[PDB]
$ cat run-v6.cif   # mmCIF, C-alpha atoms
data_data
loop_
_atom_site.label_atom_id
_atom_site.label_comp_id
_atom_site.auth_asym_id
_atom_site.auth_seq_id
_atom_site.Cartn_x
_atom_site.Cartn_y
_atom_site.Cartn_z
CA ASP P 656 -10.29 96.63 -20.47
CA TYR P 657 -9.33 92.96 -20.19
CA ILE P 658 -10.53 90.76 -23.03
CA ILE P 659 -11.02 87.24 -21.72
CA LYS P 660 -11.11 84.10 -23.81
CA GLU P 661 -12.18 81.28 -21.53
CA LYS P 662 -12.29 77.67 -22.67
CA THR P 663 -13.05 74.38 -20.98
CA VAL P 664 -11.64 71.44 -22.87
CA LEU P 665 -11.11 67.70 -22.72
CA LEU P 666 -7.78 66.14 -23.65
CA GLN P 667 -7.60 62.45 -24.51
CA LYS P 668 -4.29 60.68 -25.09
CA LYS P 669 -2.50 57.37 -25.62
CA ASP P 670 0.08 56.30 -23.00
CA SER P 671 2.98 56.61 -25.44
CA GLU P 672 2.49 60.39 -25.40
CA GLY P 673 2.06 63.47 -23.23
CA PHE P 674 -0.67 66.11 -23.48
CA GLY P 675 1.86 68.31 -25.26
CA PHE P 676 2.34 71.30 -22.96
CA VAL P 677 4.78 72.81 -20.45
CA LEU P 678 3.12 73.96 -17.23
CA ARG P 679 4.93 76.69 -15.25
CA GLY P 680 4.10 78.45 -11.97
CA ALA P 681 5.00 79.37 -8.38
CA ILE P 687 5.05 82.04 -0.70
CA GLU P 688 1.32 82.76 -0.38
CA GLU P 689 1.23 86.41 -1.41
CA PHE P 690 -0.57 85.83 -4.70
CA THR P 691 -3.79 87.80 -5.12
CA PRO P 692 -5.68 86.97 -8.36
CA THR P 693 -5.95 89.90 -10.77
CA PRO P 694 -7.56 90.39 -14.20
CA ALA P 695 -4.09 90.82 -15.72
CA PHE P 696 -2.82 87.79 -13.80
CA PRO P 697 -5.73 85.51 -12.76
CA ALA P 698 -3.91 82.36 -11.71
CA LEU P 699 -0.72 80.84 -10.34
CA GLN P 700 -0.11 78.16 -13.01
CA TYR P 701 -0.06 78.87 -16.74
CA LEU P 702 1.02 77.28 -20.03
CA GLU P 703 4.61 78.15 -20.91
CA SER P 704 4.38 76.53 -24.31
CA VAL P 705 2.21 74.10 -26.23
CA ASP P 706 3.47 71.54 -28.73
CA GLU P 707 1.82 72.70 -31.95
CA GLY P 708 1.90 69.10 -33.18
CA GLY P 709 0.30 67.77 -29.99
CA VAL P 710 -2.92 66.87 -28.19
CA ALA P 711 -3.41 70.02 -26.10
CA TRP P 712 -2.97 72.19 -29.18
CA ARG P 713 -5.68 70.45 -31.23
CA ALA P 714 -8.08 70.95 -28.32
CA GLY P 715 -7.40 74.72 -28.34
CA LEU P 716 -4.80 75.20 -25.59
CA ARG P 717 -2.16 77.88 -26.29
CA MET P 718 0.94 79.51 -24.74
CA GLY P 719 -0.13 81.85 -21.98
CA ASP P 720 -3.39 80.18 -21.01
CA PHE P 721 -3.85 80.49 -17.26
CA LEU P 722 -5.09 77.30 -15.55
CA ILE P 723 -8.34 77.92 -13.64
CA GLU P 724 -9.69 74.38 -13.07
CA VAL P 725 -8.21 70.92 -13.38
CA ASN P 726 -10.64 68.00 -13.68
CA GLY P 727 -13.35 70.20 -12.14
CA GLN P 728 -11.41 71.74 -9.23
CA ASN P 729 -10.22 75.33 -8.73
CA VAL P 730 -6.44 75.61 -9.01
CA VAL P 731 -6.16 79.38 -9.09
CA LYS P 732 -4.35 79.40 -5.72
CA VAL P 733 -2.86 75.89 -5.88
CA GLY P 734 0.89 75.20 -5.99
CA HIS P 735 2.80 73.69 -8.88
CA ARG P 736 3.39 70.25 -7.36
CA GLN P 737 -0.25 69.77 -6.40
CA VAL P 738 -1.64 70.91 -9.76
CA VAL P 739 0.82 68.59 -11.53
CA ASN P 740 -0.43 65.80 -9.25
CA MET P 741 -4.15 66.34 -10.02
CA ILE P 742 -3.18 66.30 -13.70
CA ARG P 743 -1.21 63.07 -13.26
CA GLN P 744 -4.00 61.34 -11.32
CA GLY P 745 -6.31 61.89 -14.28
CA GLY P 746 -4.30 59.47 -16.41
CA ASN P 747 -5.00 59.74 -20.16
CA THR P 748 -7.86 62.23 -19.91
CA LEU P 749 -7.84 65.73 -18.45
CA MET P 750 -10.63 68.27 -18.26
CA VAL P 751 -9.12 71.69 -17.86
CA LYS P 752 -10.56 75.20 -17.76
CA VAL P 753 -8.22 78.01 -18.89
CA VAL P 754 -8.43 81.70 -19.73
CA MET P 755 -6.45 83.80 -22.21
CA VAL P 756 -6.01 87.46 -21.28
CA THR P 757 -5.75 90.17 -23.94
CA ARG P 758 -5.24 93.97 -23.82
CA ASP U 642 8.68 75.39 -11.49
CA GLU U 643 8.07 73.80 -14.90
CA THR U 644 6.81 70.40 -16.03
CA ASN U 645 6.32 68.86 -19.45
CA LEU U 646 2.98 67.02 -19.43
#
$ encode --input "run-v6.cif" --output "structure tokens"
Amino acid sequence: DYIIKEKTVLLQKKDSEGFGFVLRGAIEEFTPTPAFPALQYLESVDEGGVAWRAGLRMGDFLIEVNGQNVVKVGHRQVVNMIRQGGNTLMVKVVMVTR
Amino acid sequence: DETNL
């Protein structure tokens, strides 16, 4: 079994701050798997920050940024989409359990 | 890679 907790959330922030998360992730040999469904994921989330209050947590895999699939996308490009968005970001993530 | 956002 793979228990999936999917959420799609909107982050809104001032310029004096970040969204409050570390994004990590990778080649071309990645094949999406229930255990590991995406390339980029959240390494940590600032508990006192914006991405935490919206429900993002350590270990969330990033599925969609601002409406676009980023399952197979590389770190620099995903970071770019996120940076284009400015002070708002719509992201879809999944948490995998068991 | 890693990036604080």
$ atom_distance --input "run-v6.cif" --atom1 "atom CA of residue 667 of chain P" --atom2 "atom CA of residue 747 of chain P"
5.7 Å
$ resolve_selection --input "run-v6.cif" --expression "the PyMOL selection byres ((chain P and resi 757) around 6)" --output "compact mmCIF listing (two decimals) with C-alpha atoms, in the frame of the given file"
# COMPACT_ATOMS: atom_id res chain seq x y z
CA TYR P 657 -9.33 92.96 -20.19
CA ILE P 658 -10.53 90.76 -23.03
CA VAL P 756 -6.01 87.46 -21.28
CA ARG P 758 -5.24 93.97 -23.82
$ resolve_selection --input "run-v6.cif" --expression "the PyMOL selection byres ((chain P) within 9 of (chain U))" --output "PyMOL selection string"
chain P and resi 672-681+703+735-736+739+742-743
$ residues_around --input "run-v6.cif" --residues "residue 727 of chain P" --least-positions-apart "2" --cutoff "10 Å" --atoms "all atoms listed in the file" --output "mmCIF file with C-alpha atoms, in the coordinates of the input"
data_model
loop_
_atom_site.group_PDB
_atom_site.id
_atom_site.type_symbol
_atom_site.label_atom_id
_atom_site.label_comp_id
_atom_site.auth_asym_id
_atom_site.auth_seq_id
_atom_site.Cartn_x
_atom_site.Cartn_y
_atom_site.Cartn_z
ATOM 1 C CA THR P 663 -13.050 74.380 -20.980
ATOM 2 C CA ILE P 723 -8.340 77.920 -13.640
ATOM 3 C CA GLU P 724 -9.690 74.380 -13.070
ATOM 4 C CA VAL P 725 -8.210 70.920 -13.380
ATOM 5 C CA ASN P 729 -10.220 75.330 -8.730
ATOM 6 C CA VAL P 730 -6.440 75.610 -9.010
ATOM 7 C CA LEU P 749 -7.840 65.730 -18.450
ATOM 8 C CA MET P 750 -10.630 68.270 -18.260
ATOM 9 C CA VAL P 751 -9.120 71.690 -17.860
ATOM 10 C CA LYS P 752 -10.560 75.200 -17.760
#
$ axis_aligned_box --input "run-v6.cif" --around "chain U" --padding-each-side "5 Å" --output "lines of an AutoDock Vina configuration file"
center_x = 5.8
center_y = 71.2
center_z = -15.5
size_x = 15.7
size_y = 18.4
size_z = 18.0
$ atom_distance --input "run-v6.cif" --atom1 "atom CA of residue 731 of chain P" --atom2 "atom CA of residue 712 of chain P"
21.6 Å
$ resolve_selection --input "run-v6.cif" --expression "the PyMOL selection byres ((chain P and resi 692) around 12)" --output "list in words"
residues 688, 689, 690, 691, 693, 694, 695, 696, 697, 698, 699, 700, 721, 723, 730, 731, 732 and 733 of chain P
$ atom_distance --input "run-v6.cif" --atom1 "atom CA of residue 670 of chain P" --atom2 "atom CA of residue 754 of chain P"
27.0 Å
$ closest_residue --input "run-v6.cif" --among "P:722, P:661, P:717, P:656" --to "residue 705 of chain P" --atoms "all atoms listed in the file"
P:717
$ decode --input "run-v6.cif" --residues "segment 679-710 of chain P" --atoms "N, CA, C and O atoms" --output "CSV table (one decimal), in the first residue's frame"
chain,number,residue,atom,x,y,z
P,679,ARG,N,15.0,20.5,-2.7
P,679,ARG,CA,16.1,19.7,-3.2
P,679,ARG,C,15.7,18.8,-4.3
P,679,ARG,O,14.5,18.4,-4.4
P,680,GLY,N,16.6,18.4,-5.2
P,680,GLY,CA,16.4,17.4,-6.2
P,680,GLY,C,17.4,17.3,-7.4
P,680,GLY,O,18.0,18.3,-7.7
P,681,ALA,N,17.4,16.2,-8.0
P,681,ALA,CA,18.4,16.0,-9.2
P,681,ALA,C,18.4,17.2,-10.1
P,681,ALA,O,17.4,17.9,-10.3
P,687,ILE,N,21.7,13.4,-16.1
P,687,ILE,CA,20.9,12.2,-15.9
P,687,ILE,C,19.6,12.3,-16.8
P,687,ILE,O,19.5,13.3,-17.6
P,688,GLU,N,18.7,11.3,-16.6
P,688,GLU,CA,17.4,11.3,-17.3
P,688,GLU,C,16.8,10.0,-17.0
P,688,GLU,O,15.8,9.6,-17.6
P,689,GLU,N,17.4,9.2,-16.0
P,689,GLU,CA,17.0,7.8,-15.8
P,689,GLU,C,15.9,7.7,-14.7
P,689,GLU,O,15.6,6.6,-14.3
P,690,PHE,N,15.4,8.8,-14.3
P,690,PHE,CA,14.3,8.8,-13.4
P,690,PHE,C,13.0,8.3,-14.0
P,690,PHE,O,12.5,8.8,-15.0
P,691,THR,N,12.4,7.2,-13.4
P,691,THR,CA,11.1,6.8,-13.7
P,691,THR,C,10.2,6.9,-12.4
P,691,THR,O,10.5,6.3,-11.4
P,692,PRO,N,9.2,7.8,-12.5
P,692,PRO,CA,8.3,8.0,-11.4
P,692,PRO,C,7.7,6.7,-10.8
P,692,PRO,O,7.2,5.8,-11.6
P,693,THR,N,7.6,6.6,-9.5
P,693,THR,CA,7.2,5.4,-8.8
P,693,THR,C,6.3,5.9,-7.6
P,693,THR,O,6.5,7.0,-7.1
P,694,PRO,N,5.4,5.0,-7.1
P,694,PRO,CA,4.6,5.4,-6.0
P,694,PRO,C,5.4,5.8,-4.8
P,694,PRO,O,5.1,6.8,-4.1
P,695,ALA,N,6.5,5.0,-4.5
P,695,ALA,CA,7.4,5.3,-3.4
P,695,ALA,C,8.1,6.7,-3.7
P,695,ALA,O,8.2,7.5,-2.7
P,696,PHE,N,8.5,6.9,-4.9
P,696,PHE,CA,9.2,8.1,-5.3
P,696,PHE,C,8.6,8.7,-6.5
P,696,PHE,O,9.0,8.4,-7.6
P,697,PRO,N,7.6,9.6,-6.3
P,697,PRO,CA,6.8,10.1,-7.5
P,697,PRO,C,7.3,11.3,-8.2
P,697,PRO,O,6.7,11.7,-9.2
P,698,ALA,N,8.4,11.9,-7.7
P,698,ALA,CA,8.9,13.1,-8.4
P,698,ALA,C,10.3,13.4,-8.1
P,698,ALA,O,10.9,12.8,-7.2
P,699,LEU,N,10.9,14.3,-8.9
P,699,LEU,CA,12.3,14.6,-8.9
P,699,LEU,C,12.7,15.5,-7.8
P,699,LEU,O,13.6,15.3,-7.0
P,700,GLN,N,11.9,16.6,-7.6
P,700,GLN,CA,12.1,17.6,-6.6
P,700,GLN,C,11.1,17.4,-5.4
P,700,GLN,O,10.0,17.1,-5.5
P,701,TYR,N,11.7,17.7,-4.2
P,701,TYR,CA,10.9,17.5,-3.0
P,701,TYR,C,11.4,18.5,-1.9
P,701,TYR,O,12.4,19.2,-2.1
P,702,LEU,N,10.6,18.6,-0.9
P,702,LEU,CA,10.9,19.6,0.2
P,702,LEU,C,11.8,19.0,1.2
P,702,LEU,O,11.4,18.1,1.9
P,703,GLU,N,13.0,19.5,1.3
P,703,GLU,CA,14.0,19.0,2.3
P,703,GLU,C,13.7,19.4,3.7
P,703,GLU,O,13.8,18.7,4.6
P,704,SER,N,13.2,20.7,3.8
P,704,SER,CA,12.7,21.1,5.1
P,704,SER,C,11.7,22.3,4.9
P,704,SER,O,11.7,22.9,3.8
P,705,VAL,N,10.9,22.6,5.9
P,705,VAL,CA,10.0,23.7,5.9
P,705,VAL,C,10.2,24.5,7.2
P,705,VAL,O,10.1,23.9,8.2
P,706,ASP,N,10.3,25.8,7.0
P,706,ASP,CA,10.4,26.7,8.2
P,706,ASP,C,9.1,26.7,8.9
P,706,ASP,O,8.1,27.2,8.5
P,707,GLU,N,9.1,26.0,10.1
P,707,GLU,CA,7.8,25.9,10.9
P,707,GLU,C,7.2,27.3,11.1
P,707,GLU,O,6.0,27.4,11.2
P,708,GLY,N,8.0,28.3,11.3
P,708,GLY,CA,7.5,29.6,11.5
P,708,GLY,C,7.2,30.4,10.2
P,708,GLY,O,7.0,31.6,10.3
P,709,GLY,N,7.2,29.7,9.1
P,709,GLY,CA,7.0,30.4,7.8
P,709,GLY,C,5.8,30.2,7.0
P,709,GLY,O,4.9,29.4,7.4
P,710,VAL,N,5.7,30.8,5.8
P,710,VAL,CA,4.6,30.9,5.0
P,710,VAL,C,4.1,29.6,4.3
P,710,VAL,O,2.9,29.3,4.2
